[PDB]
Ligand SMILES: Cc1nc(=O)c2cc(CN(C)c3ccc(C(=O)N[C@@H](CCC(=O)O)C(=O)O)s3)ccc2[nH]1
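Before any questions on binding or motion, here is one chain by itself as structure tokens, the form deposited without the ligand.
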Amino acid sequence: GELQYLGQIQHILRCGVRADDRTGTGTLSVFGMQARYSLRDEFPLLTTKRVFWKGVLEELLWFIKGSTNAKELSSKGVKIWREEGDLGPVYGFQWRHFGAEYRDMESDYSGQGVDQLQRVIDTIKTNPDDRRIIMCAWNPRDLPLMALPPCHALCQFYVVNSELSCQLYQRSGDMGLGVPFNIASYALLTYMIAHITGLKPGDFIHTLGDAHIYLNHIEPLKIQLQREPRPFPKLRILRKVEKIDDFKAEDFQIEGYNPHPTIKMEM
């Protein structure tokens, strides 16, 4: 459960090596981590600090839309994320239009590129034993950088006994701010796809290459480490939904969430 995340933070505090990110900002870093969160009658929204579940849910729905318009997200009461609001081919555009040439935020990308997300759902329905059920996302800043740049993250899905699991592998993870939010966002993506395909959620596994903590996050994380996890909440899906594009924020209700207080981490 959440003790894995806390054990990992503790491990980086104890053994991480000082290393600077591309902007020069100090971090402590280790290489190679993995944790596994059960999705079975529970939902891994971490409880040692209040995670911004509304941001998680609204940003994932916005990825699913394939939107490249920052306005379409901020107006939902959420901050998180050459004209105004145009973000270029961000993660959601790649999920729905993989390989299409990006032009405009208000363009019509209908039937352009590979719809990786629909493909994952179609493969689970046509062959749930397939072990190539994988979707990938690139940091847009890498795309013009070199030929055939590598991906930044990949999700592999897996089905056994009518249960759907997901392993997210990211090449670099911010353990303080980004990981608890991503645990929740990919766990929620797994619940959505399992709902669509008639499966029950199984496990979300999160695997990192470089796992780092920003120097300015160390003192808050030391304090978060003294807090006792509470039992995870549940996620209910409130109606039958048939197509991944048809979900709305109102379809979801988190139950029994009882976190310790919000922790601010400098962005």
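Sequential numbering from 1, following the sequence displayed.
Below: the form deposited with the ligand bound, not depicted.
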### Query
Out of the stretches listed (157-165, 173-181, 103-111, 191-199), which one is close to the ligand in the deposited complex, meaning heavy atoms within 4.5 Å?
173-181
### Message
Please determine whether each residue of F52, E59 and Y214 possesses a non-hydrogen atom within 4.5 angstroms of the ligand in the deposited complex.
### Response
yes
### Query
Hey, in the deposited complex, does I121 get a heavy atom within 4.5 angstroms of the ligand?
no
#### Entry: the ligand in the deposited complex - contacting residues of 245-261, heavy atom within 4.5 Å
none
